[PDB]
Each structure stands twice: as structure tokens, then as C-alpha cells.
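Comments concern the structure below.
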Amino acid sequence: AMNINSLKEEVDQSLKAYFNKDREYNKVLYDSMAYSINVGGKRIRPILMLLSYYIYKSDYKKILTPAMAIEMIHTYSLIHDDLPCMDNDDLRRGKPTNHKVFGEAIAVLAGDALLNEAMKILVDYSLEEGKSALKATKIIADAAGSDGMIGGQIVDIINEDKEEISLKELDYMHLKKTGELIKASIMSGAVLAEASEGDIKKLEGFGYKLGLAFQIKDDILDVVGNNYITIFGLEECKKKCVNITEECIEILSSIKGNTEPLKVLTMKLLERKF
Amino acid sequence: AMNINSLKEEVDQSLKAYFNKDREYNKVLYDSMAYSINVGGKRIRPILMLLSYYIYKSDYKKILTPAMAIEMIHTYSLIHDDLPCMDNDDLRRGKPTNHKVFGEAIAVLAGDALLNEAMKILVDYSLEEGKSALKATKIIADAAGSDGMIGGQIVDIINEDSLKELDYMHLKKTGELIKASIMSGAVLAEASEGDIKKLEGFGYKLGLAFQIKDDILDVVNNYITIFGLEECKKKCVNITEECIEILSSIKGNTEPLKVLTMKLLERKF
């Protein structure tokens, strides 16, 4: 009865419940965090984690905590990236962004608090669950940090100036900015399920490639509606995405266990409209 | 054997080396992190951790990593607090603030990165050291977060626009991480449960006296606004004395921590 849309609603509900707690003084912080959490989203990253775990074990509800942590990290990055000094976005999915509603100071602090919240729950989860969870926590913490997501964002910032960007720097930027957390969602799920070394290397390649297709797809979604499109052209881009998604499917096919839900998500990611 | 000033220089060198490392594309992030890390500071939090651990074991060098992590967290809060949307400070200790040097976007990200770096190193340290290291990590994570330091900064912003609320602000903003420094050092040293209870109270009192002291220093809203200069001076002195008395009731090498506690009362910034 495993259904991606149903899974996304289950994540939405866990996240809402999480932030619906009683607070006497710092309620505004929790309102700001909850606003960005609840606003919306495909919940791609937490679903990747659950479905990678699902390849091996069916009790996915057991790792909803680390799944929420990763979506908290994704959410904090949007709050900070929307700020006037960076992307300066007023709207996200037709809704006002965090700083427009709560002002910049509170938005900065809610982003900081979501990053910190992800770490607190991963740490508590690891105190409960042991060594494999702490290992998964490292995968997540590393992918979010200076040599992952943040390192990506920095390069993006530093290059606003370049009229011209090298392929090397561009790939790095995209690998760090979005590649690492997509891949980390998959790897942490598998590590939590205690997949074997052979499977881990398969899933590493699958995570790398999925993230690649994802960044190119973002470029296509921008253009039609410093650019893979500028460098390769729309036709080649449309084609690379289909072909990488193909390889992703074949890697999953090479894995013994229940990879069907992950294959579904993988094809859905190729056809998303935003 | 001990010396607080040599310990400060030791933290200084550990941090200077930590940030000395090659990078191919995100080097500016590292320069910005290192900028705010190296500008200087008393290093009170990492020293508290080291001296609390020292009550119980003398190989404090073993926990320099977690001590660095708490200083990374303190440093990241300063970068964010300095931002134009917050305190909007151009200078700190005579030196340009991070955003004046690297711009606001990079400053926001360098703060984010320092928080994340503290967690990365505490996770790595816990993978190598086991359960007590991870319990110490939770103490630090929780004190830094929504119901700790950030909770404090939030209340401080909303109220810029009751004594219970003022109490909560100063305790969260400042108290929590001072207390967490002490408690994490004792947890890392595997202090008994009785000792932990005692140090929690010491940590709470020391953090209260620290915050009142900060408020007094501004003169040359506040605890000063609520109670008055003369009362605040008196509270600082009396809470410090209680701290000394708690330390005296603990079996172990508490002398260095007592010296720090007194120096904290006498400090000029």
C-alpha cells in the first residue's frame, strides 16, 4: 500500500505535529519555523530517505525523525537563500517568504533554529538508536555544511559577478548546492537500514546521478518557463535528463529489495513541473 | 601547573590551525569563518569546558575538539547578531565586523557554516569517543538552539519594540551556553551524577553573574534598568561568592575554575 502522495502527506503531518508545541516566550520563533515548514513542498528529500530505507525494511515510520531533520535542513536553506542579500524572493509557491512575513531578523534566526533543530533531533535519535544512526547523522551534517550545501551556495553567490563560469566550477556549484543533500537523503536511509557495502556503492552512484538529473531539470524549468541551457542547449538538456534518469532506473534494478517506490519517485522527478 | 592565559593561547592556536586548510572553490567561506574566529576573544566558553573537565582528569587536551566546537557556536552567534538586520555593528573590539569585510550574504553563510561545523566536529568526535561524548553533544546542541541561545536572541528582538520574561531572555541568550560549557566538560570527564547536579547550579549562577556583569559594563532592557547600578554590582559579587562555595563542595581539582570565576567578576569587558 506504499504510495508516494500518501507518504508526502504523512511527512507533512509529522512536520506540522512537530511544530505544534506549547511555548510561553519564544512562540514567535516557533511560528516562523512552522510557517516555512508548513507552507508547502514536494518533500523530496525526506521521501528519498524513507524509500531508500524501504528498499530493505518495511517499518519506515521508525525513521520519520531523521526524515524530518533533513526536511528542516532543506527548509532552513530556503529561508536564508530567500533573503534580500541573496535571492531576495518575496514569494515562494505564491506565498510570501519568511522575511516578508516576520521581517529579516526573525527569518535569519528561524533558519538558524531549523538547522539547530535538525541537529538536536538527529543527536537525540542517535542516543536512542545507536551507531548506525550516528553514522547517518554524519552523512547529513557533512552534506549540509561548509563542504556541501553551504559551499555550494557560496560559489553561487561569488559568481553572480561572472559573466562567464567554467564547467568545472558550475558542476561543483550544483553538486554542492543541491547534489549533496539529495544524495545524503538516499545514503542516510540506506545506512539506517544497514545496507551492505555493495548496495551502498550502488546507492552512491544512484544518488549522484539523481542529483545530476535534478539540477539539469531545474535549469530546464527556469528557461522554458551560468546555465546548463546556455552551455548545452535545451534539446541536449532535455536529453541528458531522460538518459541519466534511465541509468538511475537501471541501478535500482541492480539492487535486490523493494526498489519499486524509489523507481516511481525517480520517474516523477523527471516530470515534475516545478 | 595550570594557567588560564596559556590555556586561552592554546585554544587560540587550536582554532587557528583548524581553519588553516586548502580549498578549491569555497575558500572564501573558510576565510570568512576564520576571520571571525581569529579576530580574538576571551575564549570563556571553551576554557570553562576545559576547566570543568580538569576538575576530574588532567588530560584536558583530549577534549580540545569539543571545546573548539562550542567556541564555533559562540562565534557564529556574533556574526549573525552583528548583521544590519540585528545589532547592525560595524566594529567589534576595534575591528571591522564580518559583513563589513565579506558582505552580508557571505556573513550569513559563514555563520551558518560555523554552526554546522560545530555539529560536524561533535558528531565526528562522538563517533570516535562513544556515549559520553554524544551526551555532551546533546547538552551543547540543546543550549545553542531554539529553547536556548536562539530563543534568547528572539525574545531580545521582539522586546526591542515582565521580570519573568526579562529573566528568560538573559538565561536563554547567555546563561545556557555558559552553563552548557561547564556541564559538557563534566559529562566528557564522566563526573558522577551528584557532581553533575552541583555543577548545573554553579553553571546557572555563573551565567547569571556573567550577564549582570555585561550589563554593568555597558554603563562605562538591562539588569541595570531594572535594579540599578549599585544593586547589580552587589548581585554580581554575591552570586560569584555562591559559585565559589559550590566549587568548594566538589571533590577534585577546582582551584583553576575558582580562579576563572573570580577573574570573570573582575573583567573589564
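Values below: every heavy atom of this structure, side chains too, minus hydrogens, waters and symmetry copies. Chain identifiers are assigned alphabetically (A, B, ...) following the order of the sequence lines, protein sequences preceding nucleic acid strands; residue numbering begins at 1 within each chain.
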May I ask you to say whether A:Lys183 pairs ionically with A:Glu180, meaning some side-chain N is under 4.0 Å from a carboxylate O? yes
Is A:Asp124 salt-bridged to B:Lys138, cutoff N-O under 4.0 Å? yes
Ring-face cation of A:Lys27 near A:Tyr25 (centre distance under 6.0 Å, axis angle within 45°): no
Less than 4.5 Å apart, side chain to side chain, heavy atoms only: is that true for A:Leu51 and A:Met2? yes
When rounded to the nearest 0.5 angstrom, what distance separates OG1 in A:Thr178 from CG in A:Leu210? 10.0 Å
Inter-residue atom distance A:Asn88.CG - A:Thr97.OG1, 0.5 Å rounding: 8.5 Å
Ion pair check, A:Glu247 and A:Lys209, cut-off under 4.0 Å: yes
Can you see whether B:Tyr18 has B:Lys21 sitting over its ring - NZ or CZ less than 6.0 Å from the centre and within 45° of the normal? yes
Hey, could you give me the CD1/NZ distance between A:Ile55 and A:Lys256, rounded to the nearest 0.5 Å? 12.5 Å
Is a donor on one side and an acceptor on the other found under 3.5 Å between the side chain of A:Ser14 and the backbone of A:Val11? no
Carefully, step by step, assess A:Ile79 and A:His99 under the rule side chain to side chain contact (heavy atoms under 4.5 Å, CB included). CA-CA 8 Å; A:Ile79 297 162; A:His99 64 277; over 6 Å; no
Using the ring of each side chain (for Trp, its six-membered ring), is A:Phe232 parallel, tilted or perpendicular to A:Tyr228, with breaks at 30° and 60°? parallel
What closest approach, in Å, do A:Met33 and A:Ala113 show between heavy atoms, and which atom pair accounts for it? SD-CB, 3.7 Å
Locate the shortest heavy-atom distance separating B:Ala118 from B:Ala69; write the atom from each residue and the value. CB-O, 3.3 Å
Taking side chain as C-beta onward, heavy atoms only, is A:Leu109 less than 4.5 Å from A:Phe102? no
Side chains of A:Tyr30 and A:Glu117: closer than 4.5 Å at any heavy-atom pair? yes
Assess whether side chain to side chain contact (heavy atoms under 4.5 Å, CB included) is satisfied between A:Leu48 and A:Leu262, documenting all intermediate values. CA-CA 7 Å; A:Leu48 282 164; A:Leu262 199 43; 3.8 Å; yes
Examine distances only and state if a side-chain atom of A:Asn116 and a backbone atom of B:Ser146 form a donor-acceptor pair shorter than 3.5 Å. no
Backbone N/O of A:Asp142 and side chain of B:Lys120: donor-acceptor pair under 3.5 Å: no
If we only count heavy atoms from C-beta on, is the B:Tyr76 to B:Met72 side-chain gap below 4.5 Å? no
Please check: side-chain N/O of A:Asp59 versus main-chain N/O of A:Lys62, any donor-acceptor pairing under 3.5 Å? no
Would a distance-only check, ignoring hydrogens and angles, find a side-chain to backbone donor-acceptor pair under 3.5 Å from A:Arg272 to A:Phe274? yes
Salt bridge present between A:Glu235 and A:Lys238 (N-O < 4.0 angstrom): no
Are there over 12 heavy-atom neighbours, none belonging to A:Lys57, within less than 6.0 Å of that residue's NZ? yes
For B:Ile70 and B:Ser181 the tightest heavy-atom approach is CD1-OG, 3.4 Å
Report yes or no: does B:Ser32 contribute a side-chain atom to a donor-acceptor pair with the main-chain N or O of B:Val28 at less than 3.5 Å? no
Hey, could you give me the NE2/CG distance between B:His74 and B:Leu115, rounded to the nearest 0.5 Å? 14.0 Å
Intermediate values then yes/no, salt bridge (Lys or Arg N to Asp or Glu O under 4.0 Å), B:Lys172 and B:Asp147: CA-CA 7 Å; B:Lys172 299 337 251 196; B:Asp147 291 319; over 6 Å; no
Kindly give the heavy-atom pair with the smallest separation between A:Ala67 and A:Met49, and that separation in Å. N-SD, 3.5 Å
Drop me the distance from A:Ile229's CD1 to A:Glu236's CD, to the nearest 0.5 angstrom. 10.5 Å
Any chance NZ of A:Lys162 has more than 12 other-residue heavy atoms, nucleotides or ligands included, within less than 6.0 Å? yes
N/O donor-acceptor pair under 3.5 Å between A:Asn3 side chain and A:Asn5 backbone: yes
Describe, in one word, how the ring planes of A:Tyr60 and A:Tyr54 are oriented to each other, choosing from parallel (under 30°), tilted (30 to 60°) and perpendicular (over 60°). perpendicular
Can you name the nearest heavy-atom pair linking B:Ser77 to B:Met149, along with the distance? CB-SD, 3.6 Å
Does a side-chain heavy-atom distance below 4.5 Å link A:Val155 with A:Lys177? no
Tell me whether the NZ or CZ atom of A:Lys168 lies within the 45° cone about the ring axis of A:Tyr172 and under 6.0 Å from its centre. no
Donor-acceptor contact present, side-chain A:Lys131 to main-chain B:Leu127, <3.5 Å: yes
Any salt bridge linking A:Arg23 with A:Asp31? Criterion: basic side-chain nitrogen under 4.0 Å from a carboxylate oxygen. no
Give the intermediate values and the outcome of side chain to side chain contact (heavy atoms under 4.5 Å, CB included) for residues B:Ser126 and A:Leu134. CA-CA 8 Å; B:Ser126 299; A:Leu134 194 50; 3.9 Å; yes
Could you tell me whether the side chain of A:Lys202 and the main chain of A:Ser254 form a donor-acceptor pair under 3.5 Å? yes
Between A:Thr245 (side chain) and A:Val242 (backbone), is there a donor-acceptor pair under 3.5 Å? no
For B:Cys85 against A:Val108, the heavy-atom pair lying closest together: SG-CG2, 4.1 Å
Step by step, would you call A:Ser36 with A:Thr75 a side chain to side chain donor-acceptor pair (under 3.5 Å)? CA-CA 7 Å; A:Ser36 290; A:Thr75 303; over 6 Å; no
Pairwise side-chain contact, A:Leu122 with A:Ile140, heavy-atom cut-off 4.5 Å (strictly under): yes
Working note: A:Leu64 + A:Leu50, criterion side chain to side chain contact (heavy atoms under 4.5 Å, CB included); need CA distance, chi angles, decisive distance, verdict. CA-CA 7 Å; A:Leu64 267 170; A:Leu50 299 176; 4.1 Å; yes
Between A:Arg92 and A:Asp82, does at least one N-O distance fall below 4.0 Å, as a salt bridge requires? yes
A:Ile106 versus B:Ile158: any side-chain heavy-atom pair under 4.5 Å? yes
So do B:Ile139 and B:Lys135 actually touch side chain to side chain, heavy atoms under 4.5 Å? no
Roughly how far apart are A:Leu29 CG and A:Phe19 CZ, rounded to 0.5 Å? 9.0 Å
